[PDB]
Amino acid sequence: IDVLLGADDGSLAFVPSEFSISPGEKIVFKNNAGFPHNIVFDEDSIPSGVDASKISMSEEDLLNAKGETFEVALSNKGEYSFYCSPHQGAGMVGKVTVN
């Protein structure tokens, strides 16, 4: 599943921001507009026992250039909330459900 980092109109959003997937399916987060961006899973809002570091950028890490990507596949079922660190308050957040 491809997820744009920044919408095509410049909005500071993941597109899509809420979506499902099945275990092992690639998520490719791609810098689109308004970069730098990053993808951080919220360590308090992911499934029991999941290591957020295995699936996240750190908050200090950035994707700098247009078209740069961060790929992650999730395994464990349940809800995972994530955000872009520098743009979280602007509303650049999302939630993926592994089902």
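So that there is no doubt, residue numbering starts at 1 and follows the sequence shown.
Trainee: Mean CA temperature factor from the deposited coordinates, higher in 44 to 52 or in 23 to 31?
Mentor: So the stretch with the higher mean C-alpha B-factor is 23 to 31.
Trainee: In terms of recorded Cα temperature factor, pick the maximum from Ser75, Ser81, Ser17, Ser85.
Mentor: Each of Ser75, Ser81, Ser17, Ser85 was compared by C-alpha B-factor; the highest is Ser75.
Trainee: Which third of the chain does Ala13 land in by C-alpha B-factor: lowest, middle or highest?
Mentor: Bottom third by C-alpha B-factor.
Trainee: Consider only the C-alpha atoms of the modelled residues in this chain, order them by B-factor as the entry records it, and name the third containing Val98: lowest, middle or highest.
Mentor: Within its chain, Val98 is a middle-third residue by C-alpha B-factor, going by the deposited values.
Trainee: Looking at the temperature factor on the CA atom of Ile39, which third of the chain's modelled residues does it land in?
Mentor: As the PDB entry reports it, the C-alpha B-factor of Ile39 lands in the lowest third of its chain.
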